[PDB]
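Some notes on the structure that comes next.
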Amino acid sequence: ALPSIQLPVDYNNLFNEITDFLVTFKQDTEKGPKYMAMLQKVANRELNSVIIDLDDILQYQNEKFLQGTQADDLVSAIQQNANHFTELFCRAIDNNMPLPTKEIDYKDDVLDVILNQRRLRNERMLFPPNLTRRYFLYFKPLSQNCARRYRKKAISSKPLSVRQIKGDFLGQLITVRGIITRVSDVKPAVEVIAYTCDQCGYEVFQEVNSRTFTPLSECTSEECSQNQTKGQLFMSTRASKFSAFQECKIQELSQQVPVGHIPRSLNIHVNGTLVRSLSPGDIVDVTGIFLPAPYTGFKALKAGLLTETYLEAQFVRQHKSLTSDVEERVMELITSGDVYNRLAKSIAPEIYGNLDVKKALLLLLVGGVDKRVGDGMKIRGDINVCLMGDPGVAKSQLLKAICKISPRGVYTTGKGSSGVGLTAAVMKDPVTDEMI
Amino acid sequence: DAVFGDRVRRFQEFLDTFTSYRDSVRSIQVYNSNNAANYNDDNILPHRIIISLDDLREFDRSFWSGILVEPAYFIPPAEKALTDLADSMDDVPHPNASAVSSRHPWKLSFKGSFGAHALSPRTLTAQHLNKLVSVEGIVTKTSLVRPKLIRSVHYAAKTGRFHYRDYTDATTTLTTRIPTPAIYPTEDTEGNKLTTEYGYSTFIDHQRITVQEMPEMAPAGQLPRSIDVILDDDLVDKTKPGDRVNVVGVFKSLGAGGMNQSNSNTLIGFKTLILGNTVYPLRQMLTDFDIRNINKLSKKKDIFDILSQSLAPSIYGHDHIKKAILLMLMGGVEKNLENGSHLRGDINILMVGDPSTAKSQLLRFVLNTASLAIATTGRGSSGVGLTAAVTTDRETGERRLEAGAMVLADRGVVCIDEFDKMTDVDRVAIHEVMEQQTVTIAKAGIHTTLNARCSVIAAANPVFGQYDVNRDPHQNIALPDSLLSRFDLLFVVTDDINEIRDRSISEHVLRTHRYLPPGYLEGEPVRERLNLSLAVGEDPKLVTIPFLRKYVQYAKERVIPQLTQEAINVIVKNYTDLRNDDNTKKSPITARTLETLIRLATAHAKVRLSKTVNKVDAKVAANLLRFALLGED
Ligand SMILES: Nc1ncnc2c1ncn2[C@@H]1O[C@H](COP(=O)(O)OP(=O)(O)OP(=O)(O)O)[C@@H](O)[C@H]1O
Ligand SMILES: Nc1ncnc2c1ncn2[C@@H]1O[C@H](COP(=O)(O)OP(=O)(O)OP(=O)(O)O)[C@@H](O)[C@H]1O
Ligand SMILES: [Mg+2]
Ligand SMILES: [Mg+2]
Ligand SMILES: [Zn+2]
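What follows is the structure, encoded as structure tokens:
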């Protein structure tokens, strides 16, 4: 049948150490445990996310080493395998959840009403725990500073590329540096599905751990055990638990591509409160778990043993107003004096000359009055500046440079691409094949 | 069974007979071991050795014959013995968290003489199946790298033990076995739920490349043929399209071949593939003798003249163009500047001239002598064929991009012939590549910027049959001004009738046409066929071409000169003198001439193997550009 192999890791001692770390850990630098404070904060319906730090876990390991008792190197176990430790930590959080200390505040929560209505009928006359959960659990990659402080090296936070991601890193926690190109809308993904049964017993719950599932449509309760054909199950959306899901694509930076090659791309999946952290056009450093997609359905047979892949995201590090500060900056620049000439001159300091052109580009940067006259008359305040002249006079640096100053600007060129008049009403977007 | 163990014993004896392989195993092992111990690191060598078939031939003729003739029954026994030896060497323990599950077995590679097993994608037939072969060719297409599952590990609750399932495929192993459905087990033998534990399983990278025959060796009236090679593990991404490669592997059949439930048909045959063991590129490593000779030849005063004259010794004259080509070979230093800009370091040359003036025989020479070169013809090219094309990946199913001529020659040269005969829609694309050195693709949901840093040498003809001196230069050349501004040196060459020139050039041509290759008799036709013997062993003064290639490589990779003030003083005076004069030049002078002087000075500085730009470099650049623009020679 299925042969058996011996592996050093045992999850019992790991669970014991997680339980010890949640209670014992204190920030050495409020007093007391670091995480039981934020758990109490969560219990008051205020915090929606729980973020664990592996620097903190190393701190607990270092405390135990100061005591001298052996440890299970939890930090390495998390790095090598992280899809199971999420469930372990969720169970550990569920076991030690503090009581609501203040402001219970039950107002109109449908799930709350359902759960409260369950109690009376069940007691007067076991469900999946994830239904009662609200917090989301995320890991935080290691820090080189803390690592160098205690050696031990580091692998999870190293800024790899899309190309350096081999098949040997699957099932681990890694970090990838790139630029975000495409981001999709937020849609709900089912986690626990509740079916209502023709006043037969009560609603049944099923968990979904894949991208594809099958409805139950058969009532198995004790009262529903009667033989008469009676009807299948109907889904109830209100008693079911959903989640926010988003998918993005990250592309390799031009600096890291070798000569003669084409850049690759990677897929990122994000669930929870971390959704909407990434937008198109951002250069970011994303940490997560690298997992194999099932690739099932059609065109799975031809591949046979070939799989897709994706990255479950858990952390985001983006590389890069009226206040008294900006109220004083303008006064400082006024006291500086020579605003006109200096403003014109500092525009593209590489190019020497054409100072009147630089004066006019300033006037183009500012806008004239747009006054809406009655009876339909309108007058424009925008500026139309054309610059003619012989080739090789710095024609096309001046322009590009002006685009930098104003955020709202587009550099459109000749017939290589059609963007000036592309006010088209048809868009064959591959995702859905409908017009936009 | 017994034969397997006997062959393992034979290979084990072979391994301790020759101690070199045992030393290489230890070197790789100690490197990998002491690399992981460097916590303050500044990467991992694969488990693969290269053995020579020759030594095995003297050791055991039977085993060598078995490997060459019946690889599928002699390679797996050898790999197990190599793994056993490697395991015996590693005395130090490695109680790693997850390396215990994945052993990464050692593999083998071959070299030496293959005899009659050295073939090409055309001479490979059904007689060579299940044999060890080597094929020479050019890579055309590659597939995307995907991960493939080899072993899955599952954890069982209520018991605490693990269970593993193994997977095999036709392309994975050399022996046919019962296939696997690649579905993860969900139920234990006792019915306990099983949970898949990624991070303990095994995945291997997989790629497929296509190797085509060299078009120069094809028979008359026939198109070149191609074959498919599958690469795995550590052989991935060692080749790129356009490369010339030699792949050693096992020629194998696959599938059912229409002898099955499907209808009987004469059009259905079997599918053939190669499981590549080794890939060899057909970078010239330099010894100390070569470097010492280069440094000794650098100090000679008239080195630029010798280097320029050594180019194309079968062309009479055209000294200045040959100097310009040499300066192209040793490009300038590229400067990365703020605002996301870069000053180009490439030198671009255009040649306009009369018919039969040896314009096209210099492009062909540049194709051969340079490290990377791509040939293009005006009328037989398209815009989508120069920048990139949207295609599909059959093996995996996505939509991808395929490189064109310009982007395939990154850090190389592109030689375009009949440049004026190119259509306008075609000529816009080359404009962008000449200006930004980048390609923008915004088609079919693929939004990408591609790097293309190539040097352009081009040849064209005037509007009429021959150059006219009684008409303005712009009337003679049909090319637009915007395109014409992007060339550093424009050379107008004219054939003038003179008796002494004719007497010399006719003598030179007649001397050239009377050359006999060594080993050929008079009247014996040249047998440019090689008789299917592709290779014997499978892996005033002028200078020889390979020495020139070594010189160019060393100069490009070892010296980066910087500009100096005293050279700038010469450059500025030359620019000011040239700008303010009434001489009628064949091309207008603009503010981009200064950059051309700087680039030519940098190239001449590289030629001298020096780290600074001197006054002599500025003088040489000035003389070259004065000849180009004026003809004052
Ligand atoms: N006043 C100036 N100051 C500095 N550089 C200048 C000046 N005038 C021209 N240049 C030079 O001109 C170049 C910038 O303009 P460039 O010739 O590339 O484009 P353009 O004027 O749009 O012409 P084209 O028609 O060739 O595209 C640089 O080499 C720059 O050094
Ligand atoms: N200077 C020369 N030295 C040696 N051979 C020459 C020379 N000039 C021309 N030839 C010979 O003339 C023939 C044609 O030359 P080639 O094809 O290079 O001309 P071209 O400039 O490309 O012509 P076209 O304008 O017709 O395209 C070749 O056989 C070449 O060897
Ligand atoms: Mg311009
Ligand atoms: Mg020609
Ligand atoms: Zn019922």
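Here the protein sequences come in this chain order: 7 and 3.
Heads up: the first sequence runs through residues 4 to 32, 58 to 153, 191 to 385, 392 to 507, numbered per the deposited numbering.
Heads up: the second sequence runs through residues 18 to 59, 90 to 329, 339 to 595, 648 to 741, numbered per the deposited numbering.
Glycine included, each C-beta is placed from N, C-alpha and C at the ideal position.
Set against 7 Å, the gap from the CB of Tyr372 (chain 3) to the closest heavy atom of ligand 2 is smaller. Counting of Cβ neighbours within 10 angstroms places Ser562 (chain 3) among the exposed residues, the total staying below 16. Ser467 (chain 7) has its Cβ nearer than 7 Å to a heavy atom of ligand 3. Straight-line measurement puts the Cα of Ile258 (chain 7) at about 8 Å from the Cα of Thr302 (chain 7). The C-beta separation of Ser541 (chain 3) from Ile403 (chain 3) comes to about 15 Å, leaving the pair out of contact by the 8 Å criterion.
Using a Cβ-Cβ cut-off of 7 Å, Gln108 (chain 7) is close to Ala144, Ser145, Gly246 of chain 3, given in chain order. The beta carbon of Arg700 (chain 3) sits closer than 7 Å to at least one heavy atom of ligand 1.
When DSSP reads this structure, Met407 (chain 3) sits in a beta bridge with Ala515 (chain 3), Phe547 (chain 3).
Contact with chain 3 is found for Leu10 (chain 7), since one of that chain's Cβ atoms lies less than 8 Å from the residue's Cβ. Under the 10 Å beta carbon count, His384 (chain 7) is surrounded by fewer than 16 other beta carbons and is classified as exposed. Counting C-beta pairs closer than 8 Å gives fewer than three between the stretch 516-529 of chain 3 and the stretch 381-394 of chain 3, which falls short of the contact rule. Here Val25 (chain 3) really is in contact with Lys127 (chain 3); their C-beta atoms are around 6 Å apart, less than 8 Å.
With 16 or more other CB atoms across the displayed protein chains lying within 10 angstroms of its CB, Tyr63 (chain 7) is buried. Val463 (chain 3) sits close to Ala444 (chain 3), with the two beta carbons spaced by under 8 Å. Runs of the beta strand (DSSP E) lying entirely within the stretch 296-372 of chain 7, each at least 3 residues long, are 299-316, 330-336, 348-358 in chain order.
Here DSSP, grouped into helix, strand and coil, assigns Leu225 (chain 7) to strand.
Assignment of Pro328 (chain 3) by DSSP, reduced to helix, strand and coil, places it in the strand class. Nearest CB-CB separation between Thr246 (chain 7) and chain 3: below the 8 Å threshold. Between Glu283 (chain 7) and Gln297 (chain 7), the gap from beta carbon to beta carbon is short of 8 Å. Within chain 7, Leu5 have C-beta atoms less than 7 Å from the C-beta of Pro232 (chain 3), given in sequence order. Counting along the chain, the unbroken beta strand (DSSP E) around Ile277 (chain 3) starts and ends at 273-279. Annotation: Cβ neighbours of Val484 (chain 3) in chain 7 (cutoff 9 Å, chain order): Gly485, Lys486, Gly487.
When the five nearest sequence neighbours on each side are left out, the beta carbons in the same chain lying within less than 8 Å of the beta carbon of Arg341 (chain 7) are those of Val251, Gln311, in order along the chain.
Taking all protein chains shown into account, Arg559 (chain 3) has fewer than 16 neighbouring C-beta atoms within 10 Å of its C-beta and is therefore exposed. Within 7 Å of the C-beta of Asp263 (chain 7) there is at least one heavy atom belonging to ligand 5. Taken from the Cβ of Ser330 (chain 7), every heavy atom of ligand 4 lies 7 Å or farther away. Closer than 8 Å to the CB of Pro529 (chain 3) there is not a single CB belonging to chain 7. In the structure shown, the three-state DSSP call for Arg73 (chain 7) is coil. Using a cutoff of 7 Å, the CB of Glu390 (chain 3) does not count as near ligand 1, since none of the ligand's heavy atoms is closer than that. Between ligand 1 and the CB of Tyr63 (chain 7), the shortest heavy atom gap is not smaller than 7 Å. The stretch 39-53 of chain 3 and the stretch 128-144 of chain 3 touch, with no fewer than 3 CB-CB distances between them shorter than 8 Å. At a C-beta separation below 8 Å, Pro462 (chain 7) has these neighbours in chain 3: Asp537, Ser538, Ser541, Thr698. Around the beta carbon of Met402 (chain 7), a 10 Å sphere encloses fewer than 16 other beta carbons of the protein chains shown; the residue is thus reported as exposed. Between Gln107 (chain 7) and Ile220 (chain 7), the C-beta gap is smaller than 8 Å, which places the two residues in contact. In the structure shown, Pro61 (chain 7) adopts coil according to DSSP, grouped into three states. Chain-order list of chain 3 residues neighbouring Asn111 (chain 7): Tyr245, by C-beta distance under 7 Å.
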